[PDB]
Every structure is written in structure tokens, then in C-alpha cells.
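Asker: Show me how the following folds:
(chains A and B)
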Amino acid sequence: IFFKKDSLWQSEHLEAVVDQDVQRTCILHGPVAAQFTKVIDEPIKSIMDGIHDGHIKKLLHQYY
Amino acid sequence: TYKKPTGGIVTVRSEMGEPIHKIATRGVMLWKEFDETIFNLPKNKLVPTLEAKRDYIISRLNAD
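Answerer: Numbering: from 1, shown residues only, chains lettered A, B, ... in the order given. Shown next is the structure:
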């Protein structure tokens, strides 16, 4: 329990971990989805509209 | 990911035994090591293992 309990928040507050060391923390991340995570601080809008603009542009090309 | 870190992510056991994909950081590698060595052990044989490895466990916890 002492080891495992409440091991989520720390990734989002290094100032409350020892040495502000990321490498101590747990960061939850999909093995498959880690292939597409490349651009740091890309505005949520940019990413979510980027995907939607992809899907429209291809769909329009293929069925209209 | 179940056996070894695969593309930098690894599977570790939760508190209830549910798997979780996290980044293979030193903290999560220790977490996996203690899932394979300590936490898996039957309740009776837990306590003798904790004194047996006390100095090892502490040096890891304070490091990683």
C-alpha cells in the first residue's frame, strides 16, 4: 500500500517530488499511442482540428 | 510490455492486481522489480523477505 497508493498526481507536480526528478514518477502512456506523440506544447485545438481536417480532406477526396 | 520495456513503456501491476501501462522510468522499473520479487510472495513469506532485503529496498526507494 505505502509503495503504490496515490502514484498519479506527482507527474503534474515535480516541485512536490524529491530533486524535481521526473524519473522517480509514474507517467501513464499507451505503447501504441506513443508512436504519434512527438510535438510538445501543441495547442489541444491544433491537434484535435488537425485530426478532423485530416478526416474531412481524405473523406472529400474519396466520396465527393 | 508484459515481460520487458517495449518502446519505452512497460506493464506493472496496480494495488488490486489490474495491469497499467506507464513510462519505463527508474521508479516504474523498481515498481516492476518489486512486483516480480516482493509483492508476488505469499503473505507468510512477505515479512522475512522485507528484513532480508531491508538495506537493498531502502537504497532503491531513496534512489529511484
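Asker: going forward, measure contacts and count neighbours with C-alpha atoms only.
Answerer: Noted.
Asker: What strand or helix carries residue B:10?
Answerer: Element membership for residue B:10 (DSSP states H and E) is strand B:9-13.
Asker: counting contacts, what elements does that strand pack onto?
Answerer: Under the contact criterion of 3 or more C-alpha pairs under 8 Å, 6 or more residues apart in numbering or on different chains; DSSP states H and E, the helices and strands touching strand B:9-13 comprise strand B:19-23, helix B:26-37.
Asker: what angle do the last one and strand B:19-23 make?
Answerer: If you take axes from the mean of the first three to the mean of the last three C-alpha atoms, to 10 degrees, helix B:26-37 sits at 150 degrees to strand B:19-23.
Asker: Report the buried residues of helix B:26-37.
Answerer: Of the residues in helix B:26-37, those buried by neighbour count under the rule 16 or more other C-alpha atoms under 10 Å in any protein chain shown are B:26, B:27, B:28, B:29, B:30, B:31, B:32, B:34, B:35.
Asker: Understood, closing this out.
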